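1. Fold the following and give me the result.
(6 chains)
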Amino acid sequence: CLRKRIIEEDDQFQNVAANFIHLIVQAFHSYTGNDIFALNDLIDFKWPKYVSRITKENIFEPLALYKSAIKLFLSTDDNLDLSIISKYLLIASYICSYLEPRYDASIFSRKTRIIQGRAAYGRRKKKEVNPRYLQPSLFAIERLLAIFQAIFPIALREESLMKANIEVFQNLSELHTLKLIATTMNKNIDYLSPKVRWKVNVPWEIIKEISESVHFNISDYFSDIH
Amino acid sequence: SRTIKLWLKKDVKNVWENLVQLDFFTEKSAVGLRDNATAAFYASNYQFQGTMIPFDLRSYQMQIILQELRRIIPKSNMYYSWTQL
Amino acid sequence: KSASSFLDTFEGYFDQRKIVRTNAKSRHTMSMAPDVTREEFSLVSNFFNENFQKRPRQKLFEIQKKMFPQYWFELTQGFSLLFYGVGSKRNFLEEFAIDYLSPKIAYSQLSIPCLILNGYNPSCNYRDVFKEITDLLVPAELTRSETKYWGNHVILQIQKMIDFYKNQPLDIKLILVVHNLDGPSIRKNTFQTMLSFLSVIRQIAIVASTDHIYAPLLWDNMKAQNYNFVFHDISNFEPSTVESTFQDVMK
Amino acid sequence: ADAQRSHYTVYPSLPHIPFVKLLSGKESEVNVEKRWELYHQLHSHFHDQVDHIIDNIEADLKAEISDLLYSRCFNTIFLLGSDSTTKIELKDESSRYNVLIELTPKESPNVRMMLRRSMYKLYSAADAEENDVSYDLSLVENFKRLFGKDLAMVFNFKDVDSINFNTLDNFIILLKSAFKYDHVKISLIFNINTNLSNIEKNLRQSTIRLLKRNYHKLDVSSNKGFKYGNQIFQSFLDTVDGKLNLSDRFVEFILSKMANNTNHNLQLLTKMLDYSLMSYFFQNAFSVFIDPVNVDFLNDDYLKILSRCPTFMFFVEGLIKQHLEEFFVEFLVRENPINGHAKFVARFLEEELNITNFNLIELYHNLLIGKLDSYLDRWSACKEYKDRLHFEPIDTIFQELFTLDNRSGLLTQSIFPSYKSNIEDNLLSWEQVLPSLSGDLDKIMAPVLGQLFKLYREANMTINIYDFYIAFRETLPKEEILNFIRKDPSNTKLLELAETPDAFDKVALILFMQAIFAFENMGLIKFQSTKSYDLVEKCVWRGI
DNA sequence: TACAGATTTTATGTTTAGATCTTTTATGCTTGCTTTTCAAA
DNA sequence: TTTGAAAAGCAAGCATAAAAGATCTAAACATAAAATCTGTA
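-> Residues are numbered from 1 along each chain as shown, chains lettered A, B, ... in the order given. For reference, the structure is listed below:
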């Protein structure tokens, strides 16, 4: 790439390569530590992008060449479809794992009461520790289906609430097969036992992007608890 | 507030893995190297629960504590006041 | 009775998980319940199971026998049948798959053997059942290359039957009847994988029943593809006097 | 007894078409034969094109895998939406053995087993292509000394979203050690169904940096640009054209049901189309007249149910307000060119305009409902053909006997039922399932499961089973139980137990324990304690 | 009678699937004191 | 418009269910030398 660049646009090229290696070291030594291999990988990834920004003005000027390619030294850059029912079941699983069942009726209940009775009052306090930083809790299937039906998007013979049909359980089975959700047991698992409990198996950064793909406001359910 | 570059969470993962590899953290309640090949074989035919959860939820314990860090980090290091609690 | 406001949907789910105070909890056990021996339980149970509501069950069974040609037409097109409902579906599947299905298939292809599985029995095994499938269908035995390195011989043999049977004529060589597909040993992952790969084979007819209300959680998209179910509700409020002997009722 | 076994073979003692007689048992048997045969020509014509489409899917996917595979690091291919069934094939290239090694999570309990299975497959393939060895990576080291040829290894990791990621990471680090041998090149194929970032955050960052040197991505899933769905549905439109038309509600049913399935929505589409065709040829007696040579087979029943059409209603109401068999047999010649128009606008849409990311089922639905213009007002490149591509559907007369429509709720009971909702509704409204014909007892008392469910539905967290049994007793009547239990003098044990003063409570306890363990088998109820058996927890709620 | 080859017997190694028991941690009921929202003055 | 009062909430205590895993064991899968059988020459 350098041999094509110098004809398209030994000691001076050696100084150019050495200055690039020193710039890589001072940009990413805090990230890599004293690791020769990681710095070698960063040098390999960022050398052709550095060579591509070399002009006849930048070649004999180190500060100008660094200013032309400063974005190579600001980010490490060490990096490399799913259904609506399965997305909303993941959101309901995350809610079930990271919220207490006793405060469910204070959050999702919206029906007019023919019979007299007070609803849940809600929680008085705010938690000191973010629950999303800790391990997820274990829930039952019926709670997950209840919250899934409460958060799924919508006369005399319509019944606009979506009931738990074959497709909901089938998407839940794929959700466990991918281990986007998990159980206490993983080998010889009895799906039908009531003692078997379920938990979510995705972090917050995945469930946030999934909820952005469906325009659900999941951060509203954690802004007023801690 | 009283300028150190604040690294993102996607970049501290590499530093965290380097710290785990350099025996500064250990996995919580980990046996480690077994005494004999039979127990090691039994452990190799079992998948532990720590290796199935995401890396940011794995429980660790410290090989060095904060008092030792205060003892052997120099006074002129600019992270020193954080060694007291 | 609950002092609730709602009964249905999550409205009755969240509303019925009240934190009941310990002063309003009754300390009632089976100590003041009537003392009943085993034999009188059996006698009263069989008397109402053979006399109570018998005429509506007989009539309702006379309606749902008219669905047998539709079931046969579904079976010839490659669909597995799964039956579900409230009550025992043992006698229905026996009568349909023995009195009706096997003679009709045998006469249309010019009897057909009928393996009958009892998933209510906790000692139902996949290796014994597959040895009998080998005894009935005589598949070709796996080569050394087909055994790989400590692979499951049952699954590899069924996959070899799958890519053998794709070019055979599509005529039903076996009717395979599954009572209670969601019982204790039959709901496990390997046995369901075995029957899914058997259900890929067009030349085997699959008739199954389920009893658990959460039973469709057993099947992911691949297994649902392989089963290829047409669902049919047969609710009849039968005794279920055969499956009940496989659980302990006196406890 | 056979009831106490696990499995048993029965050969029934034997002493031809599953179609039945329609028109209240007045359809002739020749019409039954014609319905069976004509259903089979339509079914065979559909599935021949379905089979060619499926082989084209595997052929094109194999071609693009071979292209991405052959044009000191791994060659990594990330196959998104894989749902792995592909039989990958490699080149027969001289002086280099090309070995495909497939690994599943079942074959991967640890790194040692993965290496042992990989080296056994490698030695087996290299012996079959042309003394025993150790099944470790030194076989890769001495491959040229044992077989005289270079080594190209392609690893197919099946179902990476099920494999243990620490084990896979350590196996990749193990495979990195073979890069010091000049005769070895390694390809890795990762079959992904979740996301790339999901596996990116379950692997260590050094492995991610290792895989970043040479990696490619490729989408595998059946909803890649809709072109494999759009063929299959058009194949149905190449089968049913001039014979039946699709209803708009049936097409939006197809759209909603395919939007609910990720990995396998092509076979679900084929299953729904097949079951609709089965339902039509099993239900309607007019499907003999799809063949245009049966028009002499009209009878009084055919014309009697022919006149009950809303289109014929509107037509004769218009002709009465203005001022039968020959009118029917001449009006069966029109072609209904909506299918040809849909194929024409599809070939116009990727002919020159280069618009290929469309669903033909969405296009056909909007063409059926007359809102086609709102459908192609989205791409903002076909503004110049709002009158070239405009179509107005024509509501023809008596087309409602020749149609595929979803209004009886048969598809949503047979293919996608509300299973647990059906179970709890048959439990609670049982009079619906059971006929309303022990003459004096069946009118008064419900079946024990239904009464027990109605008392079960109206309860709290924890049900005390003794008080619940008392609540079950108070629903039962004592008098006609004691009358009906004495209505069989053959069994004297029943009479002497009826003579006991605690007969009614005992019989109610028989029925209650039987029904409670019926609910415990079905999963509705749960004993939270292994011992005691004094309390229960409800598991399931109606209408969720 | 005998003998080359196929099958059995006895003997052991390899890998997977499941049971049992122990230890430490979540959980569920109890009890006492504090808030609080909706059925009557 | 208030009122208050029973429903809801919070925290300590503590017995107990359960998750995790250490240890092991049976069962499928696999190989092998010596003896025994077996079908002919």
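2. Strands of the stretch 1-150 of chain C, start to end?
-> Listed in chain order, the strands of the stretch 1-150 of chain C (DSSP state E, counting those that start in this stretch) span residues C:80-84, C:114-118.
3. Out of those strands, which is closest to DNA strand F?
-> Closest to DNA strand F of the strands of the stretch 1-150 of chain C is strand C:114-118 (CB to the nearest atom of the strand; 18.1 Å). Using the backbone N, CA and C atoms, a C-beta is placed for each residue, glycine as well.
4. so, in contact with chain D or not, the closest one?
-> Yes - using CB under 8 Å from any CB of the partner chain, strand C:114-118 comes into contact with chain D via C:114-118.
5. Isn't residue C:218 up against residue A:190?
-> No - Residue C:218 is beyond contact range of residue A:190, at 10.2 Å (criterion: CB atoms under 8 Å).
6. so where do the helices sit in the chain?
-> Answering for chain A, as no chain was given. Listed in chain order, the helices of chain A (DSSP state H) span A:2-8, A:11-32, A:36-51, A:62-68, A:84-98, A:141-151, A:166-177, A:204-213.
7. Chain C is the one I meant
-> C:9-15, C:38-51, C:54-64, C:68-76, C:90-94, C:102-108, C:126-137, C:153-165, C:189-200, C:221-227.
8. Using a markdown table, please lay out those helices together with mean neighbour count.
-> Below are the helices of chain C laid out as a markdown table (neighbours: other CB atoms under 10 Å in any protein chain shown):
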| stretch | mean neighbour count |
| --- | --- |
| helix C:9-15 | 25 |
| helix C:38-51 | 16 |
| helix C:54-64 | 15 |
| helix C:68-76 | 20 |
| helix C:90-94 | 19 |
| helix C:102-108 | 17 |
| helix C:126-137 | 16 |
| helix C:153-165 | 16 |
| helix C:189-200 | 19 |
| helix C:221-227 | 21 |
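9. okay, the ones you listed in TSV with distance to residue D:371 next?
-> Converted to TSV, the helices of chain C look like this (distance: least, CB to CB, whole Å):
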stretch	distance to residue D:371
helix C:9-15	34
helix C:38-51	58
helix C:54-64	42
helix C:68-76	36
helix C:90-94	47
helix C:102-108	47
helix C:126-137	53
helix C:153-165	45
helix C:189-200	41
helix C:221-227	32
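10. closest one to residue D:281 among these?
-> helix C:68-76 (9.2 Å; CB to CB).
11. Report all helices and strands that that closest one contacts.
-> strand C:80-84, helix D:266-283 (3 or more CB pairs under 8 Å, 6 or more residues apart in numbering or on different chains; DSSP states H and E).
12. wait, does the longest one make contact with chain A?
-> In other words, helix D:266-283. No - using CB under 8 Å from any CB, helix D:266-283 never reaches chain A; the gap is at least 9.8 Å.
13. And that helix, what's buried?
-> If you call a residue buried by 16 or more other CB atoms under 10 Å in any protein chain shown, then helix D:266-283 has these buried ones: D:266-282.
14. if we can go back for a sec, okay, the helices of chain A in CSV with mean neighbour count and distance to residue C:206 next?
-> CSV is the format used below for the helices of chain A (neighbours: other CB atoms under 10 Å in any protein chain shown; distance: least, CB to CB, whole Å):
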stretch, mean neighbour count, distance to residue C:206
helix A:2-8, 11, 64
helix A:11-32, 15, 57
helix A:36-51, 16, 53
helix A:62-68, 15, 68
helix A:84-98, 23, 26
helix A:141-151, 23, 26
helix A:166-177, 23, 17
helix A:204-213, 16, 36
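15. As CSV, those with distance to DNA strand E would be great.
-> Listed next are the helices of chain A as CSV, based on distance: least, CB to the nearest atom of the strand, whole Å:
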stretch, distance to DNA strand E
helix A:2-8, 50
helix A:11-32, 33
helix A:36-51, 32
helix A:62-68, 50
helix A:84-98, 10
helix A:141-151, 11
helix A:166-177, 16
helix A:204-213, 19
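16. Adding distance to residue D:346, write these out as TSV.
-> Below are the helices of chain A laid out as TSV (distance: least, CB to CB, whole Å):
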stretch	distance to residue D:346
helix A:2-8	45
helix A:11-32	51
helix A:36-51	42
helix A:62-68	49
helix A:84-98	26
helix A:141-151	37
helix A:166-177	29
helix A:204-213	28
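17. and of the strands of the stretch 1-150 of chain C, who's closest to residue D:483?
-> That would be, of these and by CB to CB, strand C:80-84, which comes in at 35.9 Å.
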